[PDB]
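**Q** What shape does this take:
(chains A, B and C)
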Amino acid sequence: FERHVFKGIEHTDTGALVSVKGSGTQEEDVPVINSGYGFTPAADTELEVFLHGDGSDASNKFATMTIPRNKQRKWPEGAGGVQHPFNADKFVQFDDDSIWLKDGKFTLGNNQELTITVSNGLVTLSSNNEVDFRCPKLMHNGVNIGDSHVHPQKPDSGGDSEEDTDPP
Amino acid sequence: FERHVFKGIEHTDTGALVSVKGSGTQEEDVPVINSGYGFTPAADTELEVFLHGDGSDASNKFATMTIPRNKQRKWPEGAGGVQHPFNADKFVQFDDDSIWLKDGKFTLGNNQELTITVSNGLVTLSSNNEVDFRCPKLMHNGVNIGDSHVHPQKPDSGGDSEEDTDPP
Amino acid sequence: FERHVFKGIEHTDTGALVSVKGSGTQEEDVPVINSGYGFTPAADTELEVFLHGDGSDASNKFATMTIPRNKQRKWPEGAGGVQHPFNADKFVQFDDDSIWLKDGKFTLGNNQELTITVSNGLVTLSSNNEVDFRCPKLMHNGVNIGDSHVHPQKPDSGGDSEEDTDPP
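**A** Numbering: from 1, shown residues only, chains lettered A, B, ... in the order given. Okay, here it is:
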């Protein structure tokens, strides 16, 4: 085991290769053993890479990368989760209940077709196409605003009485 | 340290056991040391398992599993996050801002009671029960559509004048 | 390599320090090498810490923490993802499609300004400010409820005919 810093990163079709230094070993190091999290630093980013050596056969060394120490989130007691590699204030946190996604902007879809923005308390749900609610009841503050809502009407200028409107 | 492939996986009430090969060691290997990410491959899935040996006491060996090399996401520079173990195109990415959830379908709740679907630009929010917005203002394109919205009315066929409708 | 339990955790400005026991080594151990996931247990929480030793220089040892074995999620075949450190039933799962967030409550924003609650099938989207949909069409069950929806009207008490209402 040996800690080395980080220079570059070559991405081949069998996985990621690092290029760690500490001793310019491997212009292309065997891996990054991905246990489901990954990231791409800019070249020469100040982070540590730990090499685990097969047998003691220097020959092959597998790498574990750490996110930069000064970018690590100080998780509260009882909580945990996943963060942005370079930003301790962007994360998905599991707490006592809040599956909490901390950012100002969230995108969903294969091409980011739904955008949720949260800025100065305004919540905006943006799409370039139709947004359709599929439920038996769609409400605002416990009032029906769905495909069955109606408006009461006042009497006209003649003094004739209106029914409620039909639905949308 | 030693790399071994992956055969099966027995899940007991103290954690996960692998069944790595490379040398048919352990029909049930001590663990999978879960640093918060986990997954279940089908038996004989082509992936590596790294054993870390206690003392040098072969006796006990702890395992780290990698997601398959050809399924690892090529993270863009500055970004990172978590992925599906067998699909590089399904993930939660932290970028410059986009807490980006890449899929066509997202489910929320203990029994998936809210489904968000994103398909061909259509966004659908589906529930088998009530969906209720709890806010001071509910808007579409900056027009009120909440529990206080009203419609202007035109004059009737008599030529009498209508007020705006009452709220929903 | 050596497994040790977990006592405390000191968080400095270069990263996390553990305080593992098994042999009261390090009232403050070099690290927690964060590969993007982190968590904070209460002191003396029953979990394992694995030390990886630099050179063989006991001097410096880097730590990997595991989530407690009895709190590890039993991931279904083909699936994986990230979990709450102390709750196997709170997670973000990647499955065949469901980017599935399992909890009763989800918060979005820098100060949790949007809350999505899922309880007894009721879905509630709560904000202390405006929620605004920015799309060409906002629908419920395929009926327009957006900034262009109108209501049909019935004849009045005079028997005069109404037009559809104007938009909101």
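
**Q** now residue A:147: how far from chain B?
**A** Going from residue A:147 to chain B by Cβ to the nearest Cβ, to the nearest Å gives 13 Å. All C-beta spots, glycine's among them, are computed from the backbone N, C-alpha and C.

**Q** Just confirm that residue is within a strand.
**A** No. Applying DSSP: H, G, I helix; E, B strand; the rest coil, one finds residue A:147 to be coil, outside a strand.

**Q** Which neighbouring elements make contact with the longest strand along chain A?
**A** Of all the elements of type strand in chain A, the one with the most residues (DSSP state E) is strand A:87-94. Here strand A:87-94 is seen to pack against strand A:80-84, strand A:98-102, strand B:87-94, strand C:80-84, strand C:87-94 when contacts are counted using 3 or more Cβ pairs under 8 Å, 6 or more residues apart in numbering or on different chains; DSSP states H and E.

**Q** can you tell which of those strands is closest to residue A:120?
**A** The closest of these to residue A:120 is strand A:98-102. By Cβ to Cβ, the value is 15.9 Å.

**Q** on that earlier part again, quick one: buried residues of the longest strand of chain A?
**A** In terms of neighbour count (16 or more other Cβ atoms under 10 Å in any protein chain shown), strand A:87-94 has its buried residues at A:87-88, A:90-94.

**Q** quick one: which of those is nearest residue C:144?
**A** Nearest to residue C:144 out of the buried residues of strand A:87-94 is residue A:92 (Cβ to Cβ; 34.6 Å).

**Q** Can you tell me how far that closest one is from residue B:22?
**A** Using Cβ to Cβ, to the nearest Å, one gets 34 Å for the distance from residue A:92 to residue B:22.

**Q** try residue A:132
**A** 51 Å.

**Q** Same drill for those two, tell me which one is more crowded.
**A** Shown here are residue A:132 and residue B:22; by other Cβ atoms under 10 Å in any protein chain shown, residue A:132 has more neighbours (19 against 14).

**Q** now the buried residues of strand A:87-94 as JSON lines including distance to residue B:165?
**A** Output for the buried residues of strand A:87-94, formatted as JSON lines (distance: Cβ to Cβ, whole Å):
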{"residue": "A:87", "distance to residue B:165": "48"}
{"residue": "A:88", "distance to residue B:165": "51"}
{"residue": "A:90", "distance to residue B:165": "45"}
{"residue": "A:91", "distance to residue B:165": "45"}
{"residue": "A:92", "distance to residue B:165": "43"}
{"residue": "A:93", "distance to residue B:165": "44"}
{"residue": "A:94", "distance to residue B:165": "46"}
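
**Q** which of the residues you listed sit farthest apart?
**A** Farthest apart among these by Cβ to Cβ are A:87 and A:94. That separation is 18.3 Å.

**Q** sorry, back to before: what's the angle from the longest strand of chain A to strand A:80-84?
**A** Using axes from the mean of the first three to the mean of the last three Cα atoms, to 10 degrees, one finds that strand A:87-94 and strand A:80-84 are set 140 degrees apart in direction.

**Q** chain center to strand A:87-94, what's the gap?
**A** Distance, stretch centre to chain centre, for strand A:87-94: 9 Å (Cα atoms, centre = their mean, to the nearest Å).

**Q** Relative to that strand, what are the paired strands and their orientations?
**A** strand A:80-84 (antiparallel), strand A:98-102 (antiparallel) (DSSP bridges).

**Q** Tell me who's in contact with the nearest residue to residue A:31 once chain neighbours are set aside.
**A** Spatial nearest neighbour of residue A:31, excluding adjacent residues (Cβ to Cβ, 6 or more residues apart in numbering or on different chains): residue A:62 at 5.0 Å. Applying Cβ atoms under 8 Å, 6 or more residues apart in numbering or on different chains to residue A:62 gives the contacts A:30-31, A:33, A:51-54, B:3, B:50.

**Q** and which of the residues you listed is nearest residue C:68?
**A** Nearest to residue C:68, judged by Cβ to Cβ, of those is residue B:50 at 21.5 Å.

**Q** Could you find the closest non-adjacent residue to that closest one?
**A** residue B:64 (4.6 Å).

**Q** May I have the phi/psi pair for that neighbour?
**A** Phi and psi for residue B:64, reported as degrees, to the nearest 10, are phi -110, psi 120.

**Q** residues near it, how many?
**A** Neighbour count of residue B:64, defined by other Cβ under 10 Å: 24.

**Q** again with residue A:134
**A** 17.

**Q** Just list whatever residues bridge to it.
**A** Beta-bridge partners of residue A:134, as defined by DSSP bridges: residue B:126.

**Q** Check residue A:2 too.
**A** Beta-bridge pairing of residue A:2 under DSSP bridges involves residue A:51.

**Q** Apart from its neighbours in sequence, what residue is nearest the closest residue to chain C within chain A?
**A** Proximity of chain A to chain C (Cβ to the nearest Cβ) peaks at residue A:80, 2.8 Å away. Once flanking residues are discounted, residue A:80 sits nearest to residue C:39: 2.8 Å by Cβ to Cβ, 6+ apart.

**Q** The one you found and residue C:67 touch, don't they?
**A** Yes. Using Cβ atoms under 8 Å, residue C:39 is in contact with residue C:67, at 7.1 Å.

**Q** any residues in contact with both of those two?
**A** Counting by Cβ under 8 Å, 6+ apart, the residues touching both residue C:39 and residue C:67 are A:80, B:36, C:85.

**Q** which residues does the first one contact?
**A** Meaning residue A:80. Residues in contact with residue A:80 (Cβ under 8 Å, 6+ apart) are A:93-94, B:36, C:37-40, C:67, C:84-86.

**Q** Max pairwise distance over those residues: which two?
**A** Maximum pairwise distance among those (Cβ to Cβ): 14.6 Å, between A:93 and C:67.

**Q** wait, which of the contacts of residue A:80 is closest to residue A:118?
**A** residue A:93 (15.3 Å).
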